[PDB]
Amino acid sequence: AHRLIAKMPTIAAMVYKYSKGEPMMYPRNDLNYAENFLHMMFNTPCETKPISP
Amino acid sequence: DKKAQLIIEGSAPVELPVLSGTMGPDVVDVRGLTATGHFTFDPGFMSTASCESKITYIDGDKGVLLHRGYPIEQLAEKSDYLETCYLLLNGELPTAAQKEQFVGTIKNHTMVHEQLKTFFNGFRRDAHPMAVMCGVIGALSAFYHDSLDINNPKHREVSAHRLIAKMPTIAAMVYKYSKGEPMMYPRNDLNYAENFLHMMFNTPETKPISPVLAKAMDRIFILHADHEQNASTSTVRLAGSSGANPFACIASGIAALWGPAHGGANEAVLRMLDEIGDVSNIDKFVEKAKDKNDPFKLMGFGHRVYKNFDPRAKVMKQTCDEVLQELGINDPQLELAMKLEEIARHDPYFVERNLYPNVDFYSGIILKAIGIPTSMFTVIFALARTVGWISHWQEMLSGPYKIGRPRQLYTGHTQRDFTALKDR
Amino acid sequence: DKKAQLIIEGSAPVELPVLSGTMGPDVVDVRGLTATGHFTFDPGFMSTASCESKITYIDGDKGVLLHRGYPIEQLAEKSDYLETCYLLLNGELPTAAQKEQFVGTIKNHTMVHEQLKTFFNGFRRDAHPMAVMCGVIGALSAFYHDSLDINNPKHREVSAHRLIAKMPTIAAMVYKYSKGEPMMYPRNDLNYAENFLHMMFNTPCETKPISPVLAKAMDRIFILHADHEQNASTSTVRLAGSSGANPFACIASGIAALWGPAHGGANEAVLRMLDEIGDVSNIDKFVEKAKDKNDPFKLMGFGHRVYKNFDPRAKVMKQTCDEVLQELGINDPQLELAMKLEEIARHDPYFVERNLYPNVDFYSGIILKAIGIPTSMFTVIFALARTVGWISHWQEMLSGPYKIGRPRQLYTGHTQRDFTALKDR
């Protein structure tokens, strides 16, 4: 259950980043669940800017 | 207004309309010739005007090169590469608003589609950078083609932006690949030149870029932005006239530029310095050059167009001296080069022959000094010229063009029947 | 022998040497113009002769197209593609010995370097075949460059062979890739055309034999597209090559140019016409729709801008089409439609009098479709055939004394003006 709840966001992000043809992003332990998701979704290794609360 | 009578001696006289321009020479309209049953003969098109243009004007005798009316030396001294890009594309210099928006868009398109990474894996790491470029950006066609309406100016505009933005990223990938180092991504907090140098030399330690080197690079880009009609530029136009995809046309341009005759001066001047080897035997090779009988001649001295002086030369000298001020001329080949320069400038033979150290000599030295290998020199050229090519393509298409079928002079055999295997 | 006086009105008269050729019109040497401070003006170079050539001669008015003196119809009727390749490259037809050796070499170079397979994986499978070709053979440069001495005729020769041999294999790989099928290798026991069709349609699942009718039809299609004098693509190859550029790169430039709808999209156009018709039932509808001057609809693949009266290739192409459809048996309603449209066009007074005859492009489009090639590939087949022409024209100019082409322009832009700084705008 933990594995699923934890990985699903990372995978969902990978799908989006893949469709776009952008490089896939890794998670960050210093961001909460929602923040992390949005980071993995829209941020890049180009510029890692902070997420709107 | 004016007319020109052509009397062929065999045929009757024909009226050819002579057209003038904003500046430069007048031109004689020869489109009527095929009607009278003749062609003009022009190996290399050296006396034939392909088109109307209002992008870049050149007058070698006077030492004049100007983009949209602005002299190259002024742009190089004052503006930056992206401002010059805007000028070449849009026809006037930008406002702060126009500039902001343009730079923004260019920064938006800088990242390259991850699929392309696997493309490079189809090359040998020792493969020629220009071959890699020719292939890679030739393949970009496949990625930006389905939407692309060649006749829609919005599509032309976005295609130009895409090219200007991606070319540095790709050029960097070529270098990083040849080295066997991991390929670097762009950074929105760095300017064009800075970004290029970052992608080139930094790794996943990310140390800051020298403003001196960055500025020098930017100037090099400005000074190679466009150079009127030439092998590559005209190849882009000729290919493009069929209604061909822009990226493909640029790939044609790179193929043409790769040719040693078109873009290998930077390499040539370095091979000269290799041939010299040591400072100790500079005089030896100076006399060897001066010897009419000896195939040796100095490279990067004088110019076939800008006979008296190249307006870019001064600015390039400044930049070279400024770069070597920071780096220190550690290399003995660089030391050799600056001595050769000293000699050439303060020597009566070279002075009287108008054999001044040119843009290619200085730029070769700079690029080498700041760490670019000779193999890449032509890729840096291509990088800078891209904006010129696409600007000329944009102009051609924005006007009312025509496919473009060059004629020939037939000197082969007369019509003959098929000689059976027995006769041969 | 002859001279031509050019009077500019603004300037004093100038003497231009008028040069003649083995056949065709005379030419007026304008290289002296830049000395007098003028240029010629020629959008599209339609009245400007780029060079001397002895490869292909054309006279549209007379319906004449001949390679090395040999008419296209004779070559198409008698010789094969590789014999025609030898002709275009070497200047005369081969002996049995010369032929044997040439075919042998071509068969030696047919296999492609395994590294290139991974190149295709950098494309989308739905990507345009011509884009893929432009990229792939553009990358070949990297593989055959280090040895390659552009000035050495042996290197030129082997480069030409490599190209003529590999292009089919590559073209096949493009198709097999788009489909998502496994890419096929060549076979030394099959002739050029046979081999191509094998690589195209056969699988490692079942390697069944190739129709001699289809193979022969394909071969003739190749012959009839081998070279066509100076044109967008051919001249692009020459212009690029003039800088001393790698041959493979120059061919890549040619493919880029040919891709242009204007240069090489007639085969596609004629098919789009048949799509627009749709059914046989409404042929008459679209016939009148075409005849309507006011209506943007016009028939595609009928008549020709050069070969106004007749195309010498048309007859042989008709023969080939009828022969192919004899074997396959017009299963497709679009093919049925096409042959009816042909019947009409030929036996109709309007089209007869307008010289709107079914042309090489119409017939070849139908054939290629009938034998299974998708419309996307049509231009790749063109490129395949033309490769030999391009490299022959490249070989010719390089073998001659050449000067880096640097055309001129007519400046109609701003006049010298100072740089206004960013804060003054």
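Rules used in this analysis
- Residues numbered from 1 in each chain as written, not as in the entry; some residues may be left out.
- Chains lettered and ligands numbered in written order.
- Part of a larger assembly, values for the part shown.
- Heavy atoms only, no water.
- Pairing = 2+ DSSP bridges.
- Helix = DSSP H or I, 4+ residues; strand = E, 2+ residues; numbered from the N terminus.
- Axes fitted to C-alpha atoms, helices over the stretch in contact; angles between N-to-C directions.
- Contact = heavy atoms within 4.5 Å.
- Buried area = accessible area lost by both parts, 1.4 Å probe.
- Salt bridge = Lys/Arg side-chain N within 4 Å of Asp/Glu carboxyl O.
- Polar contact = N/O pair within 3.5 Å; in protein donor to acceptor, adjacent residues only side chain to side chain.
- Domains from an automatic or database assignment.
- Parallel < 35°, antiparallel > 145°, perpendicular 65-115°, else oblique.
- Nonpolar A, V, L, I, M, F, W, Y, C, P; charged D, E, K, R; others polar.
- Buried < 20%, exposed > 50% of the residue type's maximum accessible area, 1.4 Å probe, protein only.
- UniProt positions renumbered as here; feature names shortened; annotations may be inferred.
- Left-handed = near helix turned anticlockwise from the far one by under 90°.

Novice: Teacher, can you tell me more about the sheet that holds strand β2 (residues 14-19) of chain B here?
Specialist: Backbone hydrogen bonds are what pair the strands of a sheet, in a parallel or an antiparallel way. Taken in spatial order, the 12 strands of this open sheet run β9(B)-β5(C)-β4(B)-β3(C)-β2(C)-β1(C)-β1(B)-β2(B)-β3(B)-β4(C)-β5(B)-β9(C), and their pairing is mixed. The open sheet has two edge strands, β9 (407-410) of chain B together with β9 (408-411) of chain C, and neither has a second partner. If you compare each strand with its neighbour and ignore which way they point, the axes differ by 40° on average. Here 5 bridges tie strand β1 (residues 2-7) of chain B to β2 of chain B, and the two strands are oriented antiparallel to one another. Among the inter-strand pairings, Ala-4 of chain B is bridged to a residue of β2 of chain B, identified as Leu-16 of chain B.

Novice: Please clarify how the interface of chain C and chain B should be interpreted in this entry.
Specialist: Tallying the contact residues gives 118 residues for chain C and 122 residues for chain B. Between chain C and chain B, a total of about 11700 Å² is buried, with carbon and sulfur atoms accounting for 61% of that surface. On the chain C side of the contact with chain B, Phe-41, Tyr-411 and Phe-419 of chain C bury the most area, a combined 7% of that side's loss. Our enumeration of links across chain C and chain B arrives at 5 salt bridges. For the salt bridge of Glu-92 of chain C with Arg-416 of chain B, the shortest nitrogen-to-oxygen distance reads 2.9 Å. On the surface where chain C and chain B come into contact, there are 74 residue pairs in polar contact. Considering each element in turn, the side of chain C that touches chain B owes the most residues, 8 residues, to helix α6 (residues 129-143) of chain C.

Novice: What am I meant to see in the domain arrangement of chain B here?
Specialist: Quoted interface sizes are often the accessible area lost when the parts come together. All names here are of chain B. By the assigned domains, chain B splits into domain 1 (1-48), domain 2 (49-262 + 374-410) and domain 3 (263-373). Facing the 8 residues of domain 1 at the interface are 6 residues of domain 2. Taken together, the connections running from domain 1 to domain 2 amount to 0 salt bridges. The interface formed by domain 1 and domain 2 holds 0 residue pairs in polar contact in total.

Novice: Is there a simple way to think about the packing of helix α6 (residues 129-143) of chain B against α6 of chain C in this case?
Specialist: Any two packed helices are characterised by the angle at which their axes cross and by the distance between the axes. For the pair α6 of chain B and α6 of chain C, interaxial distance at closest approach is 8 Å and the crossing angle is 175°. It follows from the interaxial angle that α6 of chain B and α6 of chain C lie roughly antiparallel. Taken together, the residues of α6 of chain C that come into contact with α6 of chain B (itself represented by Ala-131, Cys-134, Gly-135, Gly-138, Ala-139, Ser-141 and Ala-142 of chain B) are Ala-131, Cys-134, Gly-135, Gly-138, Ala-139, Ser-141 and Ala-142 of chain C. Broken down by class, the residue content of the contact of α6 of chain B with α6 of chain C amounts to 8 nonpolar, 6 polar and no charged.

Novice: Would you explain the pattern of salt bridges in this entry?
Specialist: Where charged atoms from two side chains of opposite charge approach closely, those side chains can pair. This model, assessed by the stated rule, comprises 44 salt bridges over all chains. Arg-405 of chain B is paired through a salt bridge with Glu-229 of chain C; the nearest N and O atoms lie 2.8 Å apart. Note that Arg-405 of chain B is positioned in the loop between α19 (377-398) and β9 and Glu-229 of chain C in the loop between α9 (212-223) and α10 (232-241), a pairing that runs across two chains. The class for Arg-405 of chain B is partly exposed, based on a relative accessible area of 21%. A single network of salt bridges, built from pairs that share partners, joins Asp-80, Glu-83 and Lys-99 of chain B together with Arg-425 of chain C.

Novice: Sorry if this is basic, but what is going on with the pairing of strand β6 (residues 56-59) of chain B here?
Specialist: Along any regular strand, the residues point their side chains to alternate faces of the sheet. As paired elements, β6 of chain B and strand β7 (residues 64-67) of chain B share 4 bridges and run antiparallel to each other. Note that in β7 of chain B the partner of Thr-56 of chain B across the bridge is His-67 of chain B.

Novice: Sorry, what's going on with the UniProt feature "active site" in chain B here?
Specialist: All names here are of chain B. Residues given the UniProt feature "active site" here are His-262, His-303 and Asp-360. What stands out for the annotated residues spanning 99 residues is how close their C-alpha atoms remain, the widest pair being 13.3 Å apart. Looking at the element boundaries, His-303 is found in the loop between α14 (282-290) and α15 (311-327). Apart from the residues within four sequence positions on either side, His-303 is in contact with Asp-310, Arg-312, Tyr-356 and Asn-358. Reaching out from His-303, the side chain makes a polar contact with the backbone nitrogen of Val-305 at a distance of 3.4 Å. Mapping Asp-360 onto the fold places it in helix α18 (residues 359-369). Taking relative accessible area as the criterion, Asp-360 reaches 17% and is therefore assigned buried. Once residues lying within four places of it in the same chain are set aside, the contact partners of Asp-360 are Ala-265, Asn-266 and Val-269.

Novice: How should I be thinking about the side chain of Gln-333 of chain B in this particular structure?
Specialist: All names here are of chain B. Inspection of the secondary structure assignment puts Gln-333 in helix α16 (residues 332-345). Here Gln-333 falls in the buried class, since its relative accessible area comes to 15%. Apart from the residues within four sequence positions on either side, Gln-333 is in contact with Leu-270, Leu-273, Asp-274 and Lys-368.

Novice: It is not clear to me how the pairing of strand β6 (residues 56-59) of chain C should be interpreted in this structure. Could you clarify?
Specialist: All names here are of chain C. Residues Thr-56 and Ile-58 point to one face of β6 and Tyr-57 and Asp-59 to the other, with burial holding for every one of them. In this sheet, strand β7 (residues 64-67) lies alongside β6 in antiparallel orientation, the contact comprising 4 bridges. The residue of β7 that forms the bridge with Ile-58 is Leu-65. Adjacent in sequence and paired antiparallel, β6 and β7 are bridged by 4 residues, among which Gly-63 carries a positive phi angle near 70°.

Novice: Would you explain the interface of chain B and chain A in this entry?
Specialist: Taken together, the contacts link 9 residues of chain B with 8 residues of chain A. Taken together, both faces of the contact between chain B and chain A bury some 660 Å²; the carbon and sulfur share is 65%. Remark: the boundary between chain B and chain A carries 0 salt bridges. For the side of chain B that touches chain A, the class distribution of residues is 4 nonpolar, 2 polar and 3 charged.

Novice: Even after reading the chapter, I still don't get the environment of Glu-157 of chain B, so can you show me in this structure?
Specialist: Residues and elements named next belong to chain B. Relative to the elements of secondary structure, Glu-157 occurs in helix α7 (residues 153-179). Sequence separation of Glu-157 and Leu-89 is 68 residues, and the distance between their C-alpha atoms is 8.5 Å. Within the structure, the side chain of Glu-157 is placed 3.1 Å from the side chain of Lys-154, a separation counted as a polar contact.

Novice: Just to check I follow, could you spell out the packing of α6 of chain B against α7 of chain B for this structure?
Specialist: Residue and element names in this part refer to chain B. Two numbers describe how α6 lies on α7: the axes approach to 10 Å, and their chain directions differ by 135°. Relative to α7, α6 is oriented oblique. For the crossing formed where α6 meets α7, the hand is right-handed. Taking contact as the criterion, the partners of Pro-129, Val-132, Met-133, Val-136, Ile-137 and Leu-140 in α6 are, on α7, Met-167, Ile-170, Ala-171 and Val-174. In terms of residue class, the contact of α6 with α7 is made up of 10 nonpolar, no polar and no charged.

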